[PDB]
file entry-v5.cif (mmCIF, C-alpha atoms and all ligand atoms)
data_coords
#
loop_
_atom_site.group_PDB
_atom_site.id
_atom_site.type_symbol
_atom_site.label_atom_id
_atom_site.label_comp_id
_atom_site.auth_asym_id
_atom_site.auth_seq_id
_atom_site.Cartn_x
_atom_site.Cartn_y
_atom_site.Cartn_z
ATOM 1 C CA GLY F 1145 -19.280 -8.944 1.760
ATOM 2 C CA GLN F 1146 -15.888 -10.477 0.977
ATOM 3 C CA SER F 1147 -14.782 -6.995 2.061
ATOM 4 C CA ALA F 1148 -15.005 -8.472 5.564
ATOM 5 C CA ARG F 1149 -12.381 -11.021 4.445
ATOM 6 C CA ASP F 1150 -9.744 -9.234 2.342
ATOM 7 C CA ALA F 1151 -7.908 -6.247 3.788
ATOM 8 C CA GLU F 1152 -7.922 -4.205 0.569
ATOM 9 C CA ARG F 1153 -11.685 -3.697 0.262
ATOM 10 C CA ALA F 1154 -11.817 -3.165 4.016
ATOM 11 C CA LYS F 1155 -9.235 -0.395 3.628
ATOM 12 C CA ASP F 1156 -11.033 1.171 0.673
ATOM 13 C CA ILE F 1157 -14.338 1.368 2.556
ATOM 14 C CA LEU F 1158 -12.275 2.619 5.501
ATOM 15 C CA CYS F 1159 -10.990 5.536 3.438
ATOM 16 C CA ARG F 1160 -14.454 6.012 1.929
ATOM 17 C CA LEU F 1161 -16.002 6.435 5.399
ATOM 18 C CA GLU F 1162 -13.367 8.641 7.040
ATOM 19 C CA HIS F 1163 -13.667 12.413 6.788
ATOM 20 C CA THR F 1164 -10.939 14.161 4.774
ATOM 21 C CA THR F 1165 -10.525 17.898 4.284
ATOM 22 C CA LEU F 1166 -8.360 19.833 1.845
ATOM 23 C CA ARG F 1167 -5.547 21.018 4.131
ATOM 24 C CA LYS F 1168 -4.693 17.339 4.661
ATOM 25 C CA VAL F 1169 -3.801 16.828 0.983
ATOM 26 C CA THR F 1170 -1.994 20.111 0.261
ATOM 27 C CA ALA F 1171 1.702 20.920 0.568
ATOM 28 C CA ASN F 1172 1.729 24.709 0.166
ATOM 29 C CA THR F 1173 -0.286 27.443 -1.529
ATOM 30 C CA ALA F 1174 0.783 30.785 -3.009
ATOM 31 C CA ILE F 1175 -1.118 33.820 -4.296
ATOM 32 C CA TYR F 1176 0.712 35.049 -7.389
ATOM 33 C CA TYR F 1177 -0.107 37.884 -9.804
ATOM 34 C CA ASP F 1178 -0.547 37.017 -13.482
ATOM 35 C CA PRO F 1179 -2.214 39.960 -15.257
ATOM 36 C CA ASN F 1180 -1.953 37.772 -18.361
ATOM 37 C CA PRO F 1181 -2.139 33.950 -18.434
ATOM 38 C CA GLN F 1182 0.979 33.995 -20.643
ATOM 39 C CA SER F 1183 3.013 35.943 -18.058
ATOM 40 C CA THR F 1184 3.663 32.840 -15.870
ATOM 41 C CA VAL F 1185 5.635 34.546 -13.111
ATOM 42 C CA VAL F 1186 6.897 31.235 -11.735
ATOM 43 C CA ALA F 1187 9.331 29.772 -14.216
ATOM 44 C CA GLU F 1188 8.157 26.290 -15.189
ATOM 45 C CA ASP F 1189 4.345 26.175 -15.070
ATOM 46 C CA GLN F 1190 4.278 27.792 -18.546
ATOM 47 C CA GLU F 1191 4.162 24.406 -20.316
ATOM 48 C CA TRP F 1192 0.810 23.016 -19.165
ATOM 49 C CA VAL F 1193 -0.909 26.402 -18.808
ATOM 50 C CA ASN F 1194 0.194 27.063 -22.379
ATOM 51 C CA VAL F 1195 -1.000 23.747 -23.795
ATOM 52 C CA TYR F 1196 -4.274 24.813 -22.247
ATOM 53 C CA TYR F 1197 -3.810 28.298 -23.738
ATOM 54 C CA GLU F 1198 -3.699 27.029 -27.343
ATOM 55 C CA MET F 1199 -7.136 25.651 -26.420
ATOM 56 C CA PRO F 1200 -8.381 28.893 -24.884
ATOM 57 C CA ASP F 1201 -11.880 28.840 -23.462
ATOM 58 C CA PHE F 1202 -13.710 31.021 -20.927
ATOM 59 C CA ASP F 1203 -12.330 34.475 -21.645
ATOM 60 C CA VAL F 1204 -15.859 35.781 -21.323
ATOM 61 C CA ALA F 1205 -15.628 39.116 -19.488
ATOM 62 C CA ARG F 1206 -11.967 39.695 -18.581
ATOM 63 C CA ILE F 1207 -9.047 37.697 -17.241
ATOM 64 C CA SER F 1208 -8.524 38.166 -13.521
ATOM 65 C CA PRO F 1209 -4.980 39.412 -12.812
ATOM 66 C CA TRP F 1210 -5.121 37.628 -9.440
ATOM 67 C CA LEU F 1211 -4.112 33.965 -9.360
ATOM 68 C CA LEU F 1212 -4.229 31.208 -6.757
ATOM 69 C CA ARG F 1213 -1.747 28.350 -6.961
ATOM 70 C CA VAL F 1214 -2.034 25.159 -4.900
ATOM 71 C CA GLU F 1215 0.495 22.363 -4.434
ATOM 72 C CA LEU F 1216 -0.542 18.845 -3.461
ATOM 73 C CA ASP F 1217 1.168 15.877 -1.802
ATOM 74 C CA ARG F 1218 0.745 12.641 -3.753
ATOM 75 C CA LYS F 1219 1.499 10.714 -0.553
ATOM 76 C CA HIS F 1220 -1.726 11.941 1.042
ATOM 77 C CA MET F 1221 -3.394 11.865 -2.389
ATOM 78 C CA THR F 1222 -3.012 8.185 -3.265
ATOM 79 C CA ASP F 1223 -3.511 6.839 0.279
ATOM 80 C CA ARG F 1224 -7.176 7.810 -0.121
ATOM 81 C CA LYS F 1225 -7.117 6.802 -3.816
ATOM 82 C CA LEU F 1226 -7.668 10.407 -4.898
ATOM 83 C CA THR F 1227 -6.338 12.320 -7.888
ATOM 84 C CA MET F 1228 -7.066 15.934 -8.731
ATOM 85 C CA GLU F 1229 -9.678 15.150 -11.401
ATOM 86 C CA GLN F 1230 -12.523 14.493 -8.963
ATOM 87 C CA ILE F 1231 -11.240 17.317 -6.764
ATOM 88 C CA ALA F 1232 -11.240 19.574 -9.824
ATOM 89 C CA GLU F 1233 -14.867 18.929 -10.671
ATOM 90 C CA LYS F 1234 -16.120 19.046 -7.080
ATOM 91 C CA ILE F 1235 -14.196 22.200 -6.134
ATOM 92 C CA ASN F 1236 -16.182 23.621 -9.057
ATOM 93 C CA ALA F 1237 -19.368 21.542 -8.759
ATOM 94 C CA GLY F 1238 -20.342 22.451 -5.212
ATOM 95 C CA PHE F 1239 -19.094 26.016 -4.801
ATOM 96 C CA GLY F 1240 -20.462 27.564 -7.987
ATOM 97 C CA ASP F 1241 -18.740 28.516 -11.226
ATOM 98 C CA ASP F 1242 -17.046 31.668 -9.930
ATOM 99 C CA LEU F 1243 -13.783 29.663 -9.891
ATOM 100 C CA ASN F 1244 -11.848 28.012 -12.718
ATOM 101 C CA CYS F 1245 -9.349 25.176 -12.316
ATOM 102 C CA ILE F 1246 -6.623 24.130 -14.745
ATOM 103 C CA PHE F 1247 -4.231 21.416 -13.645
ATOM 104 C CA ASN F 1248 -1.164 19.378 -14.556
ATOM 105 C CA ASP F 1249 -0.805 15.750 -15.555
ATOM 106 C CA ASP F 1250 0.020 13.401 -12.692
ATOM 107 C CA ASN F 1251 2.957 11.940 -14.630
ATOM 108 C CA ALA F 1252 4.658 15.141 -13.507
ATOM 109 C CA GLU F 1253 5.961 14.518 -10.005
ATOM 110 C CA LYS F 1254 4.435 17.543 -8.271
ATOM 111 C CA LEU F 1255 0.667 17.991 -8.506
ATOM 112 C CA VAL F 1256 -0.314 21.654 -8.958
ATOM 113 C CA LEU F 1257 -3.605 23.183 -10.080
ATOM 114 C CA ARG F 1258 -4.133 26.906 -10.613
ATOM 115 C CA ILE F 1259 -7.383 28.785 -10.069
ATOM 116 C CA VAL X 12 7.542 37.182 0.919
ATOM 117 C CA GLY X 13 9.094 39.792 3.200
ATOM 118 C CA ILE X 14 7.664 43.132 4.336
ATOM 119 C CA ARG X 15 7.949 46.716 3.109
ATOM 120 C CA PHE X 16 8.072 49.867 5.223
ATOM 121 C CA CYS X 17 7.240 53.349 3.976
ATOM 122 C CA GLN X 18 10.165 55.707 3.467
ATOM 123 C CA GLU X 19 8.330 58.764 4.829
ATOM 124 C CA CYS X 20 6.177 57.799 7.831
ATOM 125 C CA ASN X 21 7.731 54.365 8.545
ATOM 126 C CA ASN X 22 4.584 52.267 8.272
ATOM 127 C CA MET X 23 3.441 49.105 6.522
ATOM 128 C CA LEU X 24 3.301 49.263 2.732
ATOM 129 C CA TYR X 25 0.261 47.532 1.255
ATOM 130 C CA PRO X 26 0.153 46.052 -2.248
ATOM 131 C CA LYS X 27 -1.999 47.766 -4.857
ATOM 132 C CA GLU X 28 -2.829 47.319 -8.535
ATOM 133 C CA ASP X 29 -2.766 49.965 -11.270
ATOM 134 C CA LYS X 30 -4.690 49.516 -14.520
ATOM 135 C CA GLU X 31 -2.062 51.173 -16.734
ATOM 136 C CA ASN X 32 1.161 49.136 -16.987
ATOM 137 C CA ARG X 33 0.104 45.887 -15.249
ATOM 138 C CA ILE X 34 2.732 46.115 -12.485
ATOM 139 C CA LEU X 35 2.406 45.586 -8.734
ATOM 140 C CA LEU X 36 2.664 48.826 -6.763
ATOM 141 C CA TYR X 37 3.289 49.020 -3.017
ATOM 142 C CA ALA X 38 1.319 51.869 -1.462
ATOM 143 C CA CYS X 39 0.966 53.419 1.986
ATOM 144 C CA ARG X 40 -2.300 54.236 3.729
ATOM 145 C CA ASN X 41 -1.020 57.164 5.810
ATOM 146 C CA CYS X 42 0.840 58.922 3.011
ATOM 147 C CA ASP X 43 0.801 57.743 -0.602
ATOM 148 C CA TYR X 44 4.454 56.859 -1.183
ATOM 149 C CA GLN X 45 4.768 54.430 -4.089
ATOM 150 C CA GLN X 46 7.126 51.906 -5.639
ATOM 151 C CA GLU X 47 7.033 48.769 -7.759
ATOM 152 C CA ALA X 48 7.480 45.152 -6.696
ATOM 153 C CA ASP X 49 10.532 43.157 -7.772
ATOM 154 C CA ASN X 50 9.365 39.586 -7.083
ATOM 155 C CA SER X 51 5.651 40.088 -7.909
ATOM 156 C CA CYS X 52 4.311 37.587 -5.390
ATOM 157 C CA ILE X 53 2.510 38.339 -2.157
ATOM 158 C CA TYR X 54 1.315 35.361 -0.135
ATOM 159 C CA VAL X 55 2.920 31.991 0.604
ATOM 160 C CA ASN X 56 1.746 29.360 3.109
ATOM 161 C CA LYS X 57 3.959 26.363 3.928
ATOM 162 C CA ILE X 58 1.807 23.510 5.230
ATOM 163 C CA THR X 59 4.412 20.728 5.041
ATOM 164 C CA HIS X 60 6.382 22.583 7.749
ATOM 165 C CA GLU X 61 9.417 20.409 7.003
ATOM 166 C CA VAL X 62 11.893 23.011 8.226
ATOM 167 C CA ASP X 63 15.192 21.394 9.114
ATOM 168 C CA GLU X 64 16.198 22.553 12.583
ATOM 169 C CA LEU X 65 19.805 22.693 11.394
ATOM 170 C CA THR X 66 18.891 26.360 10.849
ATOM 171 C CA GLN X 67 17.560 26.874 14.385
ATOM 172 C CA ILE X 68 20.067 25.232 16.746
ATOM 173 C CA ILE X 69 22.834 27.382 18.193
ATOM 174 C CA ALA X 70 26.548 26.646 18.293
ATOM 175 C CA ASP X 71 27.001 27.363 22.008
ATOM 176 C CA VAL X 72 24.982 24.295 23.035
ATOM 177 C CA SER X 73 28.330 22.482 23.220
ATOM 178 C CA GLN X 74 28.865 24.244 26.575
ATOM 179 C CA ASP X 75 26.090 22.255 28.278
ATOM 180 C CA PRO X 76 27.249 19.857 31.023
ATOM 181 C CA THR X 77 24.027 17.842 30.846
ATOM 182 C CA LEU X 78 24.248 16.483 27.291
ATOM 183 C CA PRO X 79 25.745 13.196 26.077
ATOM 184 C CA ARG X 80 28.991 13.111 24.135
ATOM 185 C CA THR X 81 30.571 10.824 21.557
ATOM 186 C CA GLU X 82 34.001 9.776 20.340
ATOM 187 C CA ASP X 83 32.762 7.937 17.243
ATOM 188 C CA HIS X 84 31.582 10.675 14.884
ATOM 189 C CA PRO X 85 34.267 13.324 14.283
ATOM 190 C CA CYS X 86 33.771 16.763 12.797
ATOM 191 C CA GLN X 87 34.368 17.208 9.078
ATOM 192 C CA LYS X 88 35.211 20.914 8.923
ATOM 193 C CA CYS X 89 37.936 20.670 11.588
ATOM 194 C CA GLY X 90 38.602 16.992 12.308
ATOM 195 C CA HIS X 91 37.792 17.139 16.023
ATOM 196 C CA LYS X 92 36.849 13.725 17.401
ATOM 197 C CA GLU X 93 34.285 14.760 20.028
ATOM 198 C CA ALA X 94 30.657 15.683 19.415
ATOM 199 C CA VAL X 95 27.513 16.292 21.456
ATOM 200 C CA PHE X 96 24.190 15.014 20.154
ATOM 201 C CA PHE X 97 20.516 15.455 20.977
ATOM 202 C CA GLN X 98 17.002 15.182 19.589
ATOM 203 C CA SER X 99 14.548 17.597 17.951
ATOM 204 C CA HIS X 100 13.088 18.767 21.304
ATOM 205 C CA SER X 101 10.480 20.758 19.359
ATOM 206 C CA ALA X 102 7.127 20.220 17.661
ATOM 207 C CA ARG X 103 6.635 18.013 14.577
ATOM 208 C CA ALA X 104 7.240 15.047 16.868
ATOM 209 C CA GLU X 105 5.438 12.418 14.791
ATOM 210 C CA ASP X 106 8.540 10.605 13.527
ATOM 211 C CA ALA X 107 11.128 12.707 15.333
ATOM 212 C CA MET X 108 13.895 10.522 16.685
ATOM 213 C CA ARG X 109 16.672 11.872 14.503
ATOM 214 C CA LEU X 110 19.955 12.837 16.104
ATOM 215 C CA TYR X 111 21.572 16.205 15.377
ATOM 216 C CA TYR X 112 25.226 16.662 16.305
ATOM 217 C CA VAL X 113 27.343 19.693 17.190
ATOM 218 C CA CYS X 114 31.122 19.807 17.244
ATOM 219 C CA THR X 115 32.586 20.667 20.632
ATOM 220 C CA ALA X 116 35.892 22.156 19.487
ATOM 221 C CA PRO X 117 36.153 25.846 20.432
ATOM 222 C CA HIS X 118 35.227 28.166 17.564
ATOM 223 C CA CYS X 119 34.013 25.473 15.162
ATOM 224 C CA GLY X 120 30.261 25.328 15.795
ATOM 225 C CA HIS X 121 29.745 22.930 12.905
ATOM 226 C CA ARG X 122 26.361 21.204 12.916
ATOM 227 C CA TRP X 123 25.122 18.185 10.986
ATOM 228 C CA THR X 124 22.469 15.495 11.048
ATOM 229 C CA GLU X 125 22.849 11.942 9.796
ATOM 230 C CA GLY H 688 10.308 -16.297 58.060
ATOM 231 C CA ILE H 689 13.146 -15.218 55.774
ATOM 232 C CA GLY H 690 14.254 -18.744 54.983
ATOM 233 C CA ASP H 691 11.012 -18.788 52.993
ATOM 234 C CA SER H 692 12.001 -15.627 51.111
ATOM 235 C CA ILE H 693 15.374 -16.719 49.698
ATOM 236 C CA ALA H 694 16.570 -18.859 46.802
ATOM 237 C CA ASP H 695 19.506 -21.078 45.917
ATOM 238 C CA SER H 696 22.630 -20.039 44.042
ATOM 239 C CA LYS H 697 21.528 -21.368 40.653
ATOM 240 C CA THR H 698 18.345 -19.300 40.381
ATOM 241 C CA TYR H 699 20.077 -15.982 41.084
ATOM 242 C CA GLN H 700 22.450 -16.552 38.167
ATOM 243 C CA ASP H 701 19.557 -17.309 35.819
ATOM 244 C CA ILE H 702 17.714 -14.148 36.856
ATOM 245 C CA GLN H 703 20.833 -12.039 36.350
ATOM 246 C CA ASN H 704 21.351 -13.545 32.896
ATOM 247 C CA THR H 705 17.815 -12.934 31.663
ATOM 248 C CA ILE H 706 17.823 -9.373 33.005
ATOM 249 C CA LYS H 707 21.126 -8.683 31.255
ATOM 250 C CA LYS H 708 19.796 -10.005 27.955
ATOM 251 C CA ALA H 709 16.633 -7.898 28.194
ATOM 252 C CA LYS H 710 18.614 -4.749 28.968
ATOM 253 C CA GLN H 711 20.696 -5.682 25.935
ATOM 254 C CA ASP H 712 17.766 -6.011 23.525
ATOM 255 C CA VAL H 713 16.378 -2.646 24.632
ATOM 256 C CA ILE H 714 19.671 -1.012 23.647
ATOM 257 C CA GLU H 715 19.593 -2.473 20.139
ATOM 258 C CA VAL H 716 16.021 -1.242 19.706
ATOM 259 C CA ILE H 717 16.991 2.252 20.861
ATOM 260 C CA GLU H 718 20.091 2.513 18.691
ATOM 261 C CA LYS H 719 18.260 1.277 15.606
ATOM 262 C CA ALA H 720 15.558 3.877 16.203
ATOM 263 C CA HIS H 721 18.206 6.635 16.214
ATOM 264 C CA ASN H 722 19.141 5.968 12.568
ATOM 265 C CA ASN H 723 15.533 6.178 11.326
ATOM 266 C CA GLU H 724 15.222 2.462 10.614
ATOM 267 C CA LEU H 725 11.859 1.949 12.318
ATOM 268 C CA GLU H 726 8.632 1.688 10.328
ATOM 269 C CA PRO H 727 5.396 2.736 12.055
ATOM 270 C CA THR H 728 2.466 0.331 12.044
ATOM 271 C CA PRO H 729 -1.028 1.275 10.817
ATOM 272 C CA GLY H 730 -2.540 3.747 13.253
ATOM 273 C CA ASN H 731 0.648 4.181 15.298
ATOM 274 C CA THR H 732 2.975 7.155 15.630
ATOM 275 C CA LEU H 733 6.715 6.442 15.641
ATOM 276 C CA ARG H 734 6.926 7.192 19.364
ATOM 277 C CA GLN H 735 3.977 4.839 19.850
ATOM 278 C CA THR H 736 5.545 1.876 18.067
ATOM 279 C CA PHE H 737 8.915 2.465 19.737
ATOM 280 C CA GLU H 738 7.432 2.455 23.220
ATOM 281 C CA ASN H 739 5.106 -0.441 22.365
ATOM 282 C CA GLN H 740 7.928 -2.754 21.406
ATOM 283 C CA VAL H 741 10.154 -1.657 24.292
ATOM 284 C CA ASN H 742 7.235 -2.375 26.634
ATOM 285 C CA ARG H 743 6.909 -5.775 24.976
ATOM 286 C CA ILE H 744 10.591 -6.487 25.617
HETATM 287 ZN ZN ZN R 1 3.799 55.793 4.447
HETATM 288 ZN ZN ZN R 2 34.365 20.773 14.341
#
call {"tool": "encode", "arguments": {"input": "entry-v5.cif", "output": "structure tokens", "more": "lines below"}}
Ligand SMILES: [Zn+2]
Ligand SMILES: [Zn+2]
result
Amino acid sequence: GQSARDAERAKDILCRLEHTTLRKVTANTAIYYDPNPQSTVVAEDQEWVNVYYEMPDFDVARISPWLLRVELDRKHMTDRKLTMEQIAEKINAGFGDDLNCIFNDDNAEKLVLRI
Amino acid sequence: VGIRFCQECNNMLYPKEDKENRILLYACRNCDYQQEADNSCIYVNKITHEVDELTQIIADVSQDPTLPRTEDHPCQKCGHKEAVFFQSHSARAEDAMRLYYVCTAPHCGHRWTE
Amino acid sequence: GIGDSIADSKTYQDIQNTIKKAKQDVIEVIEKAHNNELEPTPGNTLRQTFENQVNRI
């Protein structure tokens, strides 16, 4: 289609065809220890995890004291026109429901989602 | 982020969890020496790998007779007007054509990029 | 012979001039790549674009 003419649609189908894994869009990861979701060992993630916490869902059996924190690079994120919403559903939809992902808002400069 | 050695048998202290006070405990698997964790984090994995080699280059490189020298950029910490510059000469050579300098004055060893 | 392998005085000067100007341009390219002022092209490492344009020159 006109995708053969304009470079933008060519580049979007380019990114849509190329294979992309997770370690290409991550900056660093850290395994913390929050025995309570209100503990928030790292200093500043308390805001968004809390604004989730006043809407608390899925406290079915326990709360796992073990946490996994992932940091993302918006450079590698936007170049493929990705944002952590689709990642968030597919990292859940595709592996099971044994994991649970809460995330920031992209207006914040660094893109972190905790599991 | 570091490592912990046992105080009795000098081995590697593993992290463990106790269901009483919700605190990280470091335990041994030869004896059972115990203590609590001060930073309460275990694993970290840096994938960006953007470590600035200003923390890895040595000050005695200014004794090398096979490196170029300069009279333009002087040293800030001592005011010497002679430096010796080079490249990264390591991995992470995707866009690695920076130019680290080292002062050549004896007992200055000041290093700086630009 | 060797009379057929030699040139006049004017041509030698022209060759020297063009060689000098090329060796000049290469130096500007190098010294502007040492201040991180080069921008890689799509699908090209920084080393790749540097060497590509110096090979062009
Ligand atoms: Zn021990
Ligand atoms: Zn100095």
call {"tool": "resolve_selection", "arguments": {"input": "entry-v5.cif", "expression": "the PyMOL selection byres (((not hetatm)) within 9 of (chain R and resi 2))", "output": "number ranges by chain"}}
result
X: 85-94, 113-122
call {"tool": "residues_near_ligand", "arguments": {"input": "entry-v5.cif", "ligand": "ligand ZN 1 (chain R)", "cutoff": "10 Å", "atoms": "only C-alpha atoms and all ligand atoms", "output": "ChimeraX atom specification"}}
result
/X:16-25,38-45
call {"tool": "write_last_selection", "arguments": {"input": "entry-v5.cif", "atoms": "C-alpha atoms", "output": "compact mmCIF listing (two decimals), keeping the file's coordinate frame"}}
result
# COMPACT_ATOMS: atom_id res chain seq x y z
CA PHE X 16 8.07 49.87 5.22
CA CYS X 17 7.24 53.35 3.98
CA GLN X 18 10.16 55.71 3.47
CA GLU X 19 8.33 58.76 4.83
CA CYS X 20 6.18 57.80 7.83
CA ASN X 21 7.73 54.36 8.54
CA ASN X 22 4.58 52.27 8.27
CA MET X 23 3.44 49.10 6.52
CA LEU X 24 3.30 49.26 2.73
CA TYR X 25 0.26 47.53 1.25
CA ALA X 38 1.32 51.87 -1.46
CA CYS X 39 0.97 53.42 1.99
CA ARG X 40 -2.30 54.24 3.73
CA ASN X 41 -1.02 57.16 5.81
CA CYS X 42 0.84 58.92 3.01
CA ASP X 43 0.80 57.74 -0.60
CA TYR X 44 4.45 56.86 -1.18
CA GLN X 45 4.77 54.43 -4.09
call {"tool": "resolve_selection", "arguments": {"input": "entry-v5.cif", "expression": "the PyMOL selection byres (((chain H and resi 722-726) around 12) and not hetatm)", "output": "ChimeraX atom specification"}}
result
/X:98,106-111,124-125 /H:715-721,727-738,740
call {"tool": "resolve_selection", "arguments": {"input": "entry-v5.cif", "expression": "the PyMOL selection byres (((chain F and resi 1188-1201) around 12) and not hetatm)", "output": "VMD selection string"}}
result
chain F and resid 1178 1180 to 1187 1202 to 1207 1213 1215 1244 to 1250 1252 1254 to 1259
call {"tool": "atom_distance", "arguments": {"input": "entry-v5.cif", "atom1": "atom CA of residue F:1160", "atom2": "atom CA of residue F:1240"}}
result
24.5 Å
call {"tool": "interface_residues", "arguments": {"input": "entry-v5.cif", "of": "chain F", "to": "chain X", "cutoff": "8 Å", "atoms": "only C-alpha atoms", "output": "MDAnalysis selection string"}}
result
chainID F and resid 1167 1170:1177 1179 1185
call {"tool": "atom_distance", "arguments": {"input": "entry-v5.cif", "atom1": "atom CA of residue H:695", "atom2": "atom CA of residue H:712"}}
result
27.0 Å
call {"tool": "atom_distance", "arguments": {"input": "entry-v5.cif", "atom1": "atom CA of residue X:81", "atom2": "atom CA of residue X:96"}}
result
7.8 Å
call {"tool": "axis_aligned_box", "arguments": {"input": "entry-v5.cif", "around": "stretch 34-37 of chain X", "padding_each_side": "3 Å", "output": "JSON"}}
result
{"center_x": 2.8, "center_y": 47.3, "center_z": -7.8, "size_x": 6.9, "size_y": 9.4, "size_z": 15.5}
call {"tool": "residues_around", "arguments": {"input": "entry-v5.cif", "residues": "stretch 1155-1157 of chain F", "least_positions_apart": "4", "cutoff": "8 Å", "atoms": "only C-alpha atoms", "output": "ChimeraX atom specification"}}
result
/F:1151,1161,1224
call {"tool": "decode", "arguments": {"input": "entry-v5.cif", "residues": "stretch 95-115 of chain X", "atoms": "C-alpha atoms", "output": "PDB file, in the first residue's frame"}}
result
ATOM      1  CA  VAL X  95      47.878  12.512  27.668  1.00  0.00           C
ATOM      2  CA  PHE X  96      44.661  11.299  26.071  1.00  0.00           C
ATOM      3  CA  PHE X  97      43.271   8.040  24.723  1.00  0.00           C
ATOM      4  CA  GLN X  98      40.085   6.162  23.908  1.00  0.00           C
ATOM      5  CA  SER X  99      37.873   3.663  25.751  1.00  0.00           C
ATOM      6  CA  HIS X 100      39.912   0.627  24.580  1.00  0.00           C
ATOM      7  CA  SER X 101      37.281  -1.629  26.174  1.00  0.00           C
ATOM      8  CA  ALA X 102      33.888  -3.119  25.349  1.00  0.00           C
ATOM      9  CA  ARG X 103      30.714  -1.042  24.861  1.00  0.00           C
ATOM     10  CA  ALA X 104      32.255   0.153  21.604  1.00  0.00           C
ATOM     11  CA  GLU X 105      29.028   1.110  19.830  1.00  0.00           C
ATOM     12  CA  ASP X 106      29.453   4.886  20.080  1.00  0.00           C
ATOM     13  CA  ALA X 107      32.812   4.906  21.838  1.00  0.00           C
ATOM     14  CA  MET X 108      35.028   7.618  20.426  1.00  0.00           C
ATOM     15  CA  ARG X 109      35.198   9.756  23.540  1.00  0.00           C
ATOM     16  CA  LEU X 110      38.563  10.997  24.729  1.00  0.00           C
ATOM     17  CA  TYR X 111      39.626  10.592  28.361  1.00  0.00           C
ATOM     18  CA  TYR X 112      42.570  12.651  29.593  1.00  0.00           C
ATOM     19  CA  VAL X 113      45.123  12.168  32.368  1.00  0.00           C
ATOM     20  CA  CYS X 114      47.379  14.852  33.784  1.00  0.00           C
ATOM     21  CA  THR X 115      51.076  14.117  33.391  1.00  0.00           C
TER      22      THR X 115
END
